[PDB]
$ cat target-v2.cif   # mmCIF, N, CA and C atoms
data_structure
#
loop_
_atom_site.label_atom_id
_atom_site.label_comp_id
_atom_site.auth_asym_id
_atom_site.auth_seq_id
_atom_site.Cartn_x
_atom_site.Cartn_y
_atom_site.Cartn_z
N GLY A 423 30.99 1.76 28.80
CA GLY A 423 29.90 1.77 27.83
C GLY A 423 29.51 0.37 27.44
N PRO A 424 28.21 0.05 27.39
CA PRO A 424 27.73 -1.28 27.02
C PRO A 424 27.91 -1.57 25.53
N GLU A 425 27.73 -2.82 25.14
CA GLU A 425 27.80 -3.22 23.73
C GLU A 425 26.46 -2.95 23.07
N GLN A 426 25.54 -2.60 23.91
CA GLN A 426 24.21 -2.29 23.55
C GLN A 426 24.09 -0.80 23.35
N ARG A 427 23.36 -0.42 22.36
CA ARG A 427 23.13 0.96 22.10
C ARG A 427 21.65 1.20 22.15
N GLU A 428 21.30 2.39 22.49
CA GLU A 428 19.93 2.81 22.61
C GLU A 428 19.38 3.19 21.24
N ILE A 429 18.14 2.84 20.99
CA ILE A 429 17.52 3.14 19.71
C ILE A 429 16.85 4.51 19.78
N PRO A 430 17.23 5.45 18.89
CA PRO A 430 16.63 6.79 18.86
C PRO A 430 15.11 6.75 18.66
N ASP A 431 14.44 7.64 19.35
CA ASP A 431 12.98 7.69 19.36
C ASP A 431 12.47 8.66 18.31
N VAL A 432 13.27 8.89 17.30
CA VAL A 432 12.89 9.78 16.21
C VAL A 432 12.34 8.94 15.07
N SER A 433 12.47 7.64 15.23
CA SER A 433 12.03 6.66 14.26
C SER A 433 10.53 6.74 14.08
N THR A 434 9.87 7.01 15.16
CA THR A 434 8.46 7.13 15.24
C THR A 434 7.97 8.29 14.36
N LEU A 435 8.84 9.27 14.15
CA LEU A 435 8.48 10.46 13.43
C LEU A 435 8.60 10.24 11.93
N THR A 436 9.69 9.60 11.49
CA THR A 436 9.89 9.32 10.06
C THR A 436 10.94 8.20 9.91
N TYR A 437 10.77 7.35 8.89
CA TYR A 437 11.74 6.31 8.53
C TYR A 437 13.13 6.92 8.28
N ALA A 438 13.15 8.05 7.59
CA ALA A 438 14.39 8.79 7.31
C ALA A 438 15.11 9.15 8.61
N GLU A 439 14.34 9.62 9.58
CA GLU A 439 14.84 9.95 10.90
C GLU A 439 15.41 8.74 11.59
N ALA A 440 14.69 7.64 11.48
CA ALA A 440 15.07 6.39 12.10
C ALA A 440 16.40 5.93 11.61
N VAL A 441 16.54 5.87 10.30
CA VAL A 441 17.73 5.34 9.71
C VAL A 441 18.94 6.20 9.99
N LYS A 442 18.83 7.49 9.80
CA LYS A 442 19.97 8.37 9.98
C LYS A 442 20.45 8.38 11.42
N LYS A 443 19.52 8.53 12.34
CA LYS A 443 19.88 8.56 13.74
C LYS A 443 20.39 7.20 14.23
N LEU A 444 19.75 6.12 13.78
CA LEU A 444 20.16 4.79 14.19
C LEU A 444 21.53 4.44 13.59
N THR A 445 21.77 4.95 12.39
CA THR A 445 23.05 4.81 11.73
C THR A 445 24.14 5.53 12.54
N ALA A 446 23.79 6.72 13.04
CA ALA A 446 24.68 7.51 13.87
C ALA A 446 24.86 6.86 15.25
N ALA A 447 23.96 5.94 15.59
CA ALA A 447 24.04 5.22 16.84
C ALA A 447 24.98 4.02 16.69
N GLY A 448 25.32 3.69 15.46
CA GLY A 448 26.29 2.65 15.22
C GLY A 448 25.71 1.41 14.58
N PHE A 449 24.41 1.40 14.37
CA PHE A 449 23.76 0.22 13.81
C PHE A 449 23.86 0.19 12.29
N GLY A 450 24.16 -0.97 11.76
CA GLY A 450 24.23 -1.14 10.34
C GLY A 450 23.54 -2.40 9.88
N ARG A 451 22.91 -3.10 10.79
CA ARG A 451 22.23 -4.31 10.44
C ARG A 451 20.73 -4.09 10.58
N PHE A 452 20.03 -4.16 9.47
CA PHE A 452 18.62 -3.84 9.42
C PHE A 452 17.84 -4.93 8.72
N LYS A 453 16.57 -4.97 9.02
CA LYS A 453 15.62 -5.76 8.32
C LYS A 453 14.39 -4.87 8.22
N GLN A 454 13.95 -4.61 7.03
CA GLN A 454 12.86 -3.67 6.81
C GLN A 454 11.62 -4.38 6.35
N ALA A 455 10.51 -4.00 6.93
CA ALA A 455 9.23 -4.49 6.54
C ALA A 455 8.25 -3.33 6.59
N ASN A 456 7.19 -3.41 5.86
CA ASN A 456 6.17 -2.38 5.91
C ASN A 456 4.84 -3.06 5.96
N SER A 457 3.94 -2.50 6.68
CA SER A 457 2.64 -3.08 6.82
C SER A 457 1.58 -2.03 6.58
N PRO A 458 0.49 -2.37 5.86
CA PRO A 458 -0.61 -1.45 5.62
C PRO A 458 -1.29 -1.08 6.92
N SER A 459 -1.34 0.17 7.19
CA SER A 459 -1.89 0.71 8.38
C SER A 459 -2.40 2.10 8.07
N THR A 460 -2.94 2.75 9.09
CA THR A 460 -3.45 4.12 9.06
C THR A 460 -2.63 5.05 8.10
N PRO A 461 -3.25 5.42 6.94
CA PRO A 461 -2.60 6.17 5.85
C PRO A 461 -1.97 7.50 6.26
N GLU A 462 -2.52 8.15 7.26
CA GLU A 462 -1.99 9.43 7.70
C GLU A 462 -0.65 9.29 8.44
N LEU A 463 -0.23 8.07 8.70
CA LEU A 463 1.04 7.83 9.36
C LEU A 463 2.05 7.19 8.41
N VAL A 464 1.73 7.23 7.12
CA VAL A 464 2.58 6.64 6.08
C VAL A 464 4.02 7.22 6.11
N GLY A 465 4.99 6.34 6.04
CA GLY A 465 6.37 6.76 5.95
C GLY A 465 7.06 6.88 7.29
N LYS A 466 6.33 6.73 8.36
CA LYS A 466 6.95 6.78 9.64
C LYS A 466 7.10 5.36 10.14
N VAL A 467 7.94 5.16 11.10
CA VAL A 467 8.10 3.86 11.66
C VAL A 467 6.99 3.64 12.66
N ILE A 468 6.35 2.50 12.60
CA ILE A 468 5.28 2.20 13.52
C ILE A 468 5.75 1.27 14.61
N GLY A 469 6.96 0.79 14.47
CA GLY A 469 7.53 -0.04 15.47
C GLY A 469 8.82 -0.68 15.05
N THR A 470 9.72 -0.81 15.98
CA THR A 470 10.97 -1.48 15.78
C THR A 470 11.03 -2.64 16.74
N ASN A 471 11.67 -3.72 16.35
CA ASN A 471 11.85 -4.86 17.25
C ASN A 471 12.76 -4.51 18.44
N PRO A 472 13.97 -3.93 18.21
CA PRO A 472 14.75 -3.38 19.31
C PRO A 472 14.05 -2.10 19.79
N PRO A 473 13.77 -1.97 21.10
CA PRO A 473 13.04 -0.82 21.61
C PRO A 473 13.88 0.45 21.68
N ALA A 474 13.21 1.58 21.70
CA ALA A 474 13.85 2.87 21.76
C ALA A 474 14.25 3.18 23.19
N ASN A 475 13.66 2.47 24.10
CA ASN A 475 13.88 2.72 25.51
C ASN A 475 14.95 1.78 26.08
N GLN A 476 15.11 0.62 25.47
CA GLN A 476 16.13 -0.32 25.92
C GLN A 476 17.31 -0.28 24.99
N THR A 477 18.45 -0.68 25.48
CA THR A 477 19.61 -0.75 24.68
C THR A 477 19.71 -2.14 24.06
N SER A 478 20.13 -2.22 22.82
CA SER A 478 20.24 -3.49 22.14
C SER A 478 21.64 -3.62 21.59
N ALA A 479 22.20 -4.83 21.63
CA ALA A 479 23.54 -5.06 21.14
C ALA A 479 23.61 -4.71 19.68
N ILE A 480 24.68 -4.10 19.27
CA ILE A 480 24.81 -3.60 17.92
C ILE A 480 24.99 -4.74 16.90
N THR A 481 25.19 -5.93 17.42
CA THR A 481 25.27 -7.11 16.60
C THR A 481 23.84 -7.59 16.26
N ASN A 482 22.84 -6.92 16.81
CA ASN A 482 21.45 -7.29 16.58
C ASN A 482 20.96 -6.73 15.28
N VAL A 483 20.09 -7.45 14.64
CA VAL A 483 19.46 -6.99 13.45
C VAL A 483 18.26 -6.16 13.86
N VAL A 484 18.20 -4.95 13.40
CA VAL A 484 17.09 -4.13 13.75
C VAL A 484 15.99 -4.36 12.76
N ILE A 485 14.87 -4.84 13.24
CA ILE A 485 13.73 -5.03 12.39
C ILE A 485 12.89 -3.80 12.53
N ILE A 486 12.77 -3.09 11.46
CA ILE A 486 12.06 -1.86 11.43
C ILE A 486 10.80 -2.02 10.55
N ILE A 487 9.64 -1.73 11.13
CA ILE A 487 8.39 -1.82 10.40
C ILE A 487 7.88 -0.41 10.08
N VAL A 488 7.67 -0.15 8.81
CA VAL A 488 7.22 1.15 8.36
C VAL A 488 5.70 1.12 8.20
N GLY A 489 5.06 2.21 8.57
CA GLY A 489 3.64 2.34 8.38
C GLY A 489 3.35 2.64 6.94
N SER A 490 2.72 1.71 6.29
CA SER A 490 2.45 1.84 4.90
C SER A 490 1.00 2.24 4.70
N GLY A 491 0.81 3.26 3.91
CA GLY A 491 -0.50 3.72 3.58
C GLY A 491 -0.75 3.51 2.11
N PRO A 492 -1.46 2.45 1.73
CA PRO A 492 -1.71 2.15 0.33
C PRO A 492 -2.79 3.03 -0.27
N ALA A 493 -2.76 3.16 -1.57
CA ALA A 493 -3.75 3.87 -2.28
C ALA A 493 -4.81 2.88 -2.67
N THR A 494 -5.92 3.02 -2.06
CA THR A 494 -7.03 2.15 -2.29
C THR A 494 -8.22 2.95 -2.79
N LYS A 495 -9.06 2.32 -3.56
CA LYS A 495 -10.24 2.96 -4.10
C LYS A 495 -11.37 2.00 -4.23
N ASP A 496 -12.54 2.53 -4.10
CA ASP A 496 -13.76 1.82 -4.32
C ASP A 496 -14.02 1.83 -5.80
N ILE A 497 -14.38 0.70 -6.34
CA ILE A 497 -14.69 0.65 -7.75
C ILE A 497 -16.06 1.27 -7.98
N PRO A 498 -16.12 2.30 -8.83
CA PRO A 498 -17.35 3.02 -9.08
C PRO A 498 -18.21 2.35 -10.16
N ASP A 499 -19.41 2.84 -10.30
CA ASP A 499 -20.29 2.34 -11.32
C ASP A 499 -20.14 3.16 -12.57
N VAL A 500 -19.69 2.53 -13.60
CA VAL A 500 -19.49 3.17 -14.87
C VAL A 500 -20.13 2.28 -15.95
N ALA A 501 -21.00 1.38 -15.49
CA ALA A 501 -21.69 0.45 -16.34
C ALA A 501 -22.71 1.19 -17.17
N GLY A 502 -22.94 0.72 -18.36
CA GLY A 502 -23.87 1.37 -19.25
C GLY A 502 -23.14 2.19 -20.29
N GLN A 503 -21.84 2.28 -20.15
CA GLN A 503 -21.03 2.98 -21.13
C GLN A 503 -20.12 1.98 -21.81
N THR A 504 -19.34 2.42 -22.78
CA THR A 504 -18.58 1.51 -23.59
C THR A 504 -17.36 1.04 -22.82
N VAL A 505 -16.82 -0.12 -23.17
CA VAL A 505 -15.65 -0.66 -22.50
C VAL A 505 -14.47 0.33 -22.51
N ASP A 506 -14.24 0.95 -23.65
CA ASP A 506 -13.14 1.90 -23.79
C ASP A 506 -13.37 3.16 -22.97
N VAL A 507 -14.60 3.68 -23.01
CA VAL A 507 -14.87 4.93 -22.32
C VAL A 507 -14.94 4.72 -20.81
N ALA A 508 -15.47 3.58 -20.42
CA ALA A 508 -15.58 3.23 -19.02
C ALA A 508 -14.21 3.11 -18.37
N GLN A 509 -13.30 2.39 -19.04
CA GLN A 509 -11.95 2.20 -18.51
C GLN A 509 -11.25 3.52 -18.36
N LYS A 510 -11.49 4.40 -19.30
CA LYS A 510 -10.86 5.71 -19.33
C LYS A 510 -11.28 6.53 -18.11
N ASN A 511 -12.58 6.63 -17.89
CA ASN A 511 -13.11 7.41 -16.77
C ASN A 511 -12.71 6.79 -15.45
N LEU A 512 -12.78 5.47 -15.39
CA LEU A 512 -12.47 4.75 -14.19
C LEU A 512 -11.00 4.90 -13.86
N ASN A 513 -10.15 4.88 -14.87
CA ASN A 513 -8.71 5.01 -14.72
C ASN A 513 -8.32 6.32 -14.06
N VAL A 514 -8.98 7.40 -14.47
CA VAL A 514 -8.72 8.73 -13.94
C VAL A 514 -8.92 8.77 -12.41
N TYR A 515 -9.89 8.03 -11.92
CA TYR A 515 -10.19 8.07 -10.49
C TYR A 515 -9.84 6.76 -9.81
N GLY A 516 -9.26 5.83 -10.53
CA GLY A 516 -9.16 4.52 -9.99
C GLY A 516 -7.92 3.71 -10.32
N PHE A 517 -8.07 2.82 -11.27
CA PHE A 517 -7.11 1.76 -11.49
C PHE A 517 -6.51 1.83 -12.87
N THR A 518 -5.39 1.18 -13.06
CA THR A 518 -4.70 1.20 -14.33
C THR A 518 -4.59 -0.22 -14.92
N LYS A 519 -4.86 -1.21 -14.10
CA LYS A 519 -4.75 -2.59 -14.50
C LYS A 519 -6.13 -3.16 -14.64
N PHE A 520 -6.48 -3.53 -15.83
CA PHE A 520 -7.81 -4.01 -16.13
C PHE A 520 -7.76 -5.41 -16.71
N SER A 521 -8.84 -6.09 -16.56
CA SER A 521 -9.09 -7.36 -17.17
C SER A 521 -10.52 -7.34 -17.62
N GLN A 522 -10.86 -8.14 -18.59
CA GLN A 522 -12.19 -8.11 -19.13
C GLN A 522 -12.83 -9.46 -19.00
N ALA A 523 -14.07 -9.46 -18.63
CA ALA A 523 -14.83 -10.66 -18.53
C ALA A 523 -15.98 -10.58 -19.49
N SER A 524 -16.17 -11.61 -20.26
CA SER A 524 -17.21 -11.65 -21.24
C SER A 524 -18.49 -12.19 -20.61
N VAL A 525 -19.54 -11.42 -20.69
CA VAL A 525 -20.84 -11.83 -20.19
C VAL A 525 -21.81 -11.78 -21.35
N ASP A 526 -22.94 -12.43 -21.21
CA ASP A 526 -23.87 -12.56 -22.33
C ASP A 526 -24.65 -11.30 -22.52
N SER A 527 -24.72 -10.88 -23.76
CA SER A 527 -25.33 -9.64 -24.15
C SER A 527 -26.79 -9.84 -24.59
N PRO A 528 -27.76 -9.46 -23.77
CA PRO A 528 -29.15 -9.51 -24.16
C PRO A 528 -29.49 -8.28 -25.00
N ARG A 529 -29.67 -7.14 -24.35
CA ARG A 529 -29.84 -5.91 -25.09
C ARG A 529 -28.49 -5.18 -25.22
N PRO A 530 -27.78 -4.82 -24.08
CA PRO A 530 -26.47 -4.16 -24.16
C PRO A 530 -25.40 -5.07 -24.77
N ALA A 531 -24.48 -4.47 -25.53
CA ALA A 531 -23.36 -5.18 -26.13
C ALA A 531 -22.20 -4.21 -26.29
N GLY A 532 -21.00 -4.62 -25.89
CA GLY A 532 -19.81 -3.77 -25.99
C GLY A 532 -19.69 -2.82 -24.80
N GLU A 533 -20.80 -2.55 -24.22
CA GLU A 533 -20.93 -1.72 -23.08
C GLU A 533 -20.74 -2.50 -21.80
N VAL A 534 -20.25 -1.83 -20.81
CA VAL A 534 -19.91 -2.41 -19.55
C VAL A 534 -21.17 -2.75 -18.78
N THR A 535 -21.22 -3.97 -18.35
CA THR A 535 -22.33 -4.53 -17.65
C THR A 535 -22.11 -4.36 -16.13
N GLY A 536 -20.86 -4.20 -15.73
CA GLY A 536 -20.53 -4.01 -14.33
C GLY A 536 -19.09 -4.32 -14.06
N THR A 537 -18.76 -4.51 -12.82
CA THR A 537 -17.42 -4.86 -12.41
C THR A 537 -17.44 -6.22 -11.75
N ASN A 538 -16.30 -6.88 -11.67
CA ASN A 538 -16.23 -8.18 -11.00
C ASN A 538 -16.55 -8.05 -9.50
N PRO A 539 -15.80 -7.23 -8.70
CA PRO A 539 -16.17 -6.99 -7.32
C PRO A 539 -17.40 -6.08 -7.27
N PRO A 540 -18.26 -6.22 -6.25
CA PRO A 540 -19.45 -5.37 -6.12
C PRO A 540 -19.04 -3.90 -5.98
N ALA A 541 -19.79 -3.01 -6.62
CA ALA A 541 -19.48 -1.58 -6.64
C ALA A 541 -19.45 -1.02 -5.23
N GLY A 542 -18.42 -0.28 -4.93
CA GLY A 542 -18.28 0.25 -3.60
C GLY A 542 -17.21 -0.45 -2.81
N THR A 543 -16.80 -1.63 -3.27
CA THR A 543 -15.74 -2.36 -2.62
C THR A 543 -14.43 -1.59 -2.79
N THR A 544 -13.76 -1.33 -1.70
CA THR A 544 -12.53 -0.60 -1.76
C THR A 544 -11.38 -1.60 -1.81
N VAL A 545 -10.57 -1.50 -2.83
CA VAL A 545 -9.42 -2.37 -3.02
C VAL A 545 -8.20 -1.53 -3.40
N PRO A 546 -6.96 -2.06 -3.24
CA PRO A 546 -5.74 -1.34 -3.62
C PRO A 546 -5.74 -0.99 -5.09
N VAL A 547 -5.37 0.24 -5.40
CA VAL A 547 -5.36 0.73 -6.77
C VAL A 547 -4.31 0.00 -7.61
N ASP A 548 -3.37 -0.61 -6.93
CA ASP A 548 -2.34 -1.42 -7.58
C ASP A 548 -2.88 -2.80 -7.97
N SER A 549 -4.07 -3.13 -7.50
CA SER A 549 -4.67 -4.42 -7.77
C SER A 549 -5.40 -4.35 -9.13
N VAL A 550 -5.67 -5.50 -9.71
CA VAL A 550 -6.29 -5.56 -11.03
C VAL A 550 -7.81 -5.57 -10.93
N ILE A 551 -8.45 -4.72 -11.69
CA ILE A 551 -9.89 -4.66 -11.72
C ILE A 551 -10.42 -5.38 -12.97
N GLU A 552 -11.40 -6.22 -12.79
CA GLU A 552 -11.98 -6.92 -13.85
C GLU A 552 -13.31 -6.28 -14.19
N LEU A 553 -13.46 -5.97 -15.44
CA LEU A 553 -14.61 -5.30 -15.95
C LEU A 553 -15.48 -6.31 -16.68
N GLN A 554 -16.76 -6.27 -16.41
CA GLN A 554 -17.71 -7.18 -17.01
C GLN A 554 -18.29 -6.51 -18.22
N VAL A 555 -17.93 -6.98 -19.36
CA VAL A 555 -18.39 -6.40 -20.60
C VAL A 555 -19.27 -7.35 -21.38
N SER A 556 -20.33 -6.81 -21.94
CA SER A 556 -21.22 -7.56 -22.78
C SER A 556 -20.48 -7.93 -24.07
N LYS A 557 -20.27 -9.22 -24.26
CA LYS A 557 -19.55 -9.75 -25.40
C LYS A 557 -20.34 -9.53 -26.70
#
$ encode --input "target-v2.cif" --output "structure tokens"
Amino acid sequence: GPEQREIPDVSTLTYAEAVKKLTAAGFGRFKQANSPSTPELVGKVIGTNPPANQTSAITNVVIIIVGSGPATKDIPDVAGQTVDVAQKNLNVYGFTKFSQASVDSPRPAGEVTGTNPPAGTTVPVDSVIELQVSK
């Protein structure tokens, strides 16, 4: 038997599968990374550095990359309503981290004038949205 062990091809199906089977293969040295990719493949391994078809020495660090599917949303238009009410509606369908930018109030005041990124821009929901409010 070689010092190299074969990497199970169940990794492709799920990270959980990868780890358990690879653990049963004798590997205990891992390096994990995840990269944003096609959301419908979230949680599965999208690639390992040691191949599933070749045998790799068990002294090797297995670099396992997980397919990460982030929650992203387009910032909607909720301008024309109050800062408090706008954040509330937007939060339900969008983001939880807000920042406020003061813009000059000609006629509207207190009400949301718009968003920092142009409406329709899709960004990670974990990212901070800046709301343009009439000071």
$ select_by_dssp --input "target-v2.cif" --residues "segment 486-530 of chain A" --states "strand (DSSP E)" --output "count of residues only"
14
$ select_by_dssp --input "target-v2.cif" --residues "chain A" --states "alpha helix (DSSP H)" --output "list in words"
residues 437, 438, 439, 440, 441, 442, 443, 444, 445, 446, 505, 506, 507, 508, 509, 510, 511, 512, 513, 514 and 515 of chain A
$ axis_aligned_box --input "target-v2.cif" --around "segment 526-529 of chain A" --padding-each-side "3 Å" --output "JSON"
{"center_x": -26.4, "center_y": -8.9, "center_z": -23.2, "size_x": 12.9, "size_y": 13.4, "size_z": 10.0}
$ atom_distance --input "target-v2.cif" --atom1 "atom CA of residue 519 of chain A" --atom2 "atom CA of residue 487 of chain A"
28.2 Å
$ resolve_selection --input "target-v2.cif" --expression "the PyMOL selection byres (((chain A and resi 450 and name CA) around 9) and name CA)" --output "ChimeraX atom specification"
/A:444-445,448-449,451-452,480-481,483-484
$ atom_distance --input "target-v2.cif" --atom1 "atom CA of residue 533 of chain A" --atom2 "atom CA of residue 506 of chain A"
8.6 Å
$ closest_residue --input "target-v2.cif" --among "A:514, A:441, A:493, A:545" --to "residue 466 of chain A" --atoms "only C-alpha atoms"
A:441
$ closest_residue --input "target-v2.cif" --among "A:535, A:456, A:477, A:521" --to "residue 502 of chain A" --atoms "all atoms listed in the file"
A:535
$ atom_distance --input "target-v2.cif" --atom1 "atom CA of residue 432 of chain A" --atom2 "atom C of residue 492 of chain A"
23.7 Å
$ resolve_selection --input "target-v2.cif" --expression "the PyMOL selection byres ((chain A and resi 427) around 6)" --output "tab-separated table (two decimals) with N, CA and C atoms, keeping the file's coordinate frame"
chain	number	residue	atom	x	y	z
A	424	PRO	N	28.21	0.05	27.39
A	424	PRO	CA	27.73	-1.28	27.02
A	424	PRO	C	27.91	-1.57	25.53
A	425	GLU	N	27.73	-2.82	25.14
A	425	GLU	CA	27.80	-3.22	23.73
A	425	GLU	C	26.46	-2.95	23.07
A	426	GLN	N	25.54	-2.60	23.91
A	426	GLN	CA	24.21	-2.29	23.55
A	426	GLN	C	24.09	-0.80	23.35
A	428	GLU	N	21.30	2.39	22.49
A	428	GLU	CA	19.93	2.81	22.61
A	428	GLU	C	19.38	3.19	21.24
A	429	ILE	N	18.14	2.84	20.99
A	429	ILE	CA	17.52	3.14	19.71
A	429	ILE	C	16.85	4.51	19.78
A	476	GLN	N	15.11	0.62	25.47
A	476	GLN	CA	16.13	-0.32	25.92
A	476	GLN	C	17.31	-0.28	24.99
A	477	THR	N	18.45	-0.68	25.48
A	477	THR	CA	19.61	-0.75	24.68
A	477	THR	C	19.71	-2.14	24.06
A	478	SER	N	20.13	-2.22	22.82
A	478	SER	CA	20.24	-3.49	22.14
A	478	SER	C	21.64	-3.62	21.59
A	479	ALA	N	22.20	-4.83	21.63
A	479	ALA	CA	23.54	-5.06	21.14
A	479	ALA	C	23.61	-4.71	19.68
A	480	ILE	N	24.68	-4.10	19.27
A	480	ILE	CA	24.81	-3.60	17.92
A	480	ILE	C	24.99	-4.74	16.90
$ resolve_selection --input "target-v2.cif" --expression "the PyMOL selection byres ((chain A and resi 555) around 8)" --output "list in words"
residues 504, 505, 521, 522, 523, 524, 525, 526, 527, 530, 531, 532, 533, 534, 535, 536, 537, 538, 552, 553, 554, 556 and 557 of chain A
$ write_last_selection --input "target-v2.cif" --atoms "N, CA and C atoms" --output "PDB file, in the frame of the given file"
ATOM      1  N   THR A 504     -19.340   2.420 -22.780  1.00  0.00           N
ATOM      2  CA  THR A 504     -18.580   1.510 -23.590  1.00  0.00           C
ATOM      3  C   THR A 504     -17.360   1.040 -22.820  1.00  0.00           C
ATOM      4  N   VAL A 505     -16.820  -0.120 -23.170  1.00  0.00           N
ATOM      5  CA  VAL A 505     -15.650  -0.660 -22.500  1.00  0.00           C
ATOM      6  C   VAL A 505     -14.470   0.330 -22.510  1.00  0.00           C
ATOM      7  N   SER A 521      -8.840  -6.090 -16.560  1.00  0.00           N
ATOM      8  CA  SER A 521      -9.090  -7.360 -17.170  1.00  0.00           C
ATOM      9  C   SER A 521     -10.520  -7.340 -17.620  1.00  0.00           C
ATOM     10  N   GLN A 522     -10.860  -8.140 -18.590  1.00  0.00           N
ATOM     11  CA  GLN A 522     -12.190  -8.110 -19.130  1.00  0.00           C
ATOM     12  C   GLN A 522     -12.830  -9.460 -19.000  1.00  0.00           C
ATOM     13  N   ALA A 523     -14.070  -9.460 -18.630  1.00  0.00           N
ATOM     14  CA  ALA A 523     -14.830 -10.660 -18.530  1.00  0.00           C
ATOM     15  C   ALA A 523     -15.980 -10.580 -19.490  1.00  0.00           C
ATOM     16  N   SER A 524     -16.170 -11.610 -20.260  1.00  0.00           N
ATOM     17  CA  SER A 524     -17.210 -11.650 -21.240  1.00  0.00           C
ATOM     18  C   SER A 524     -18.490 -12.190 -20.610  1.00  0.00           C
ATOM     19  N   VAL A 525     -19.540 -11.420 -20.690  1.00  0.00           N
ATOM     20  CA  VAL A 525     -20.840 -11.830 -20.190  1.00  0.00           C
ATOM     21  C   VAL A 525     -21.810 -11.780 -21.350  1.00  0.00           C
ATOM     22  N   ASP A 526     -22.940 -12.430 -21.210  1.00  0.00           N
ATOM     23  CA  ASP A 526     -23.870 -12.560 -22.330  1.00  0.00           C
ATOM     24  C   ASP A 526     -24.650 -11.300 -22.520  1.00  0.00           C
ATOM     25  N   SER A 527     -24.720 -10.880 -23.760  1.00  0.00           N
ATOM     26  CA  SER A 527     -25.330  -9.640 -24.150  1.00  0.00           C
ATOM     27  C   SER A 527     -26.790  -9.840 -24.590  1.00  0.00           C
ATOM     28  N   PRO A 530     -27.780  -4.820 -24.080  1.00  0.00           N
ATOM     29  CA  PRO A 530     -26.470  -4.160 -24.160  1.00  0.00           C
ATOM     30  C   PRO A 530     -25.400  -5.070 -24.770  1.00  0.00           C
ATOM     31  N   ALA A 531     -24.480  -4.470 -25.530  1.00  0.00           N
ATOM     32  CA  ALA A 531     -23.360  -5.180 -26.130  1.00  0.00           C
ATOM     33  C   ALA A 531     -22.200  -4.210 -26.290  1.00  0.00           C
ATOM     34  N   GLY A 532     -21.000  -4.620 -25.890  1.00  0.00           N
ATOM     35  CA  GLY A 532     -19.810  -3.770 -25.990  1.00  0.00           C
ATOM     36  C   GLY A 532     -19.690  -2.820 -24.800  1.00  0.00           C
ATOM     37  N   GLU A 533     -20.800  -2.550 -24.220  1.00  0.00           N
ATOM     38  CA  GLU A 533     -20.930  -1.720 -23.080  1.00  0.00           C
ATOM     39  C   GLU A 533     -20.740  -2.500 -21.800  1.00  0.00           C
ATOM     40  N   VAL A 534     -20.250  -1.830 -20.810  1.00  0.00           N
ATOM     41  CA  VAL A 534     -19.910  -2.410 -19.550  1.00  0.00           C
ATOM     42  C   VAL A 534     -21.170  -2.750 -18.780  1.00  0.00           C
ATOM     43  N   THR A 535     -21.220  -3.970 -18.350  1.00  0.00           N
ATOM     44  CA  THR A 535     -22.330  -4.530 -17.650  1.00  0.00           C
ATOM     45  C   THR A 535     -22.110  -4.360 -16.130  1.00  0.00           C
ATOM     46  N   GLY A 536     -20.860  -4.200 -15.730  1.00  0.00           N
ATOM     47  CA  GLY A 536     -20.530  -4.010 -14.330  1.00  0.00           C
ATOM     48  C   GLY A 536     -19.090  -4.320 -14.060  1.00  0.00           C
ATOM     49  N   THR A 537     -18.760  -4.510 -12.820  1.00  0.00           N
ATOM     50  CA  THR A 537     -17.420  -4.860 -12.410  1.00  0.00           C
ATOM     51  C   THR A 537     -17.440  -6.220 -11.750  1.00  0.00           C
ATOM     52  N   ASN A 538     -16.300  -6.880 -11.670  1.00  0.00           N
ATOM     53  CA  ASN A 538     -16.230  -8.180 -11.000  1.00  0.00           C
ATOM     54  C   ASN A 538     -16.550  -8.050  -9.500  1.00  0.00           C
ATOM     55  N   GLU A 552     -11.400  -6.220 -12.790  1.00  0.00           N
ATOM     56  CA  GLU A 552     -11.980  -6.920 -13.850  1.00  0.00           C
ATOM     57  C   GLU A 552     -13.310  -6.280 -14.190  1.00  0.00           C
ATOM     58  N   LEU A 553     -13.460  -5.970 -15.440  1.00  0.00           N
ATOM     59  CA  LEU A 553     -14.610  -5.300 -15.950  1.00  0.00           C
ATOM     60  C   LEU A 553     -15.480  -6.310 -16.680  1.00  0.00           C
ATOM     61  N   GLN A 554     -16.760  -6.270 -16.410  1.00  0.00           N
ATOM     62  CA  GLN A 554     -17.710  -7.180 -17.010  1.00  0.00           C
ATOM     63  C   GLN A 554     -18.290  -6.510 -18.220  1.00  0.00           C
ATOM     64  N   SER A 556     -20.330  -6.810 -21.940  1.00  0.00           N
ATOM     65  CA  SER A 556     -21.220  -7.560 -22.780  1.00  0.00           C
ATOM     66  C   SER A 556     -20.480  -7.930 -24.070  1.00  0.00           C
ATOM     67  N   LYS A 557     -20.270  -9.220 -24.260  1.00  0.00           N
ATOM     68  CA  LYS A 557     -19.550  -9.750 -25.400  1.00  0.00           C
ATOM     69  C   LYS A 557     -20.340  -9.530 -26.700  1.00  0.00           C
TER      70      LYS A 557
END
$ closest_residue --input "target-v2.cif" --among "A:472, A:482, A:431, A:490" --to "residue 457 of chain A" --atoms "only C-alpha atoms"
A:490
$ closest_atom_pairs --input "target-v2.cif" --of "segment 432-522 of chain A" --to "segment 546-551 of chain A" --cutoff "12 Å" --atoms "only C-alpha atoms" --output "CSV"
residue,atom,partner,partner_atom,distance
A:458,CA,A:546,CA,10.6
A:491,CA,A:546,CA,10.2
A:492,CA,A:546,CA,6.6
A:493,CA,A:547,CA,5.7
A:494,CA,A:546,CA,4.0
A:495,CA,A:547,CA,6.0
A:496,CA,A:546,CA,8.6
A:497,CA,A:551,CA,8.2
A:498,CA,A:551,CA,11.0
A:509,CA,A:551,CA,9.9
A:512,CA,A:551,CA,10.1
A:513,CA,A:547,CA,9.6
A:514,CA,A:547,CA,11.3
A:515,CA,A:547,CA,9.5
A:516,CA,A:547,CA,6.3
A:517,CA,A:547,CA,5.1
A:518,CA,A:547,CA,7.6
A:519,CA,A:550,CA,4.8
A:520,CA,A:551,CA,4.9
A:521,CA,A:551,CA,6.1
A:522,CA,A:551,CA,8.5
$ closest_residue --input "target-v2.cif" --among "A:541, A:467, A:474, A:453" --to "residue 440 of chain A" --atoms "all atoms listed in the file"
A:467
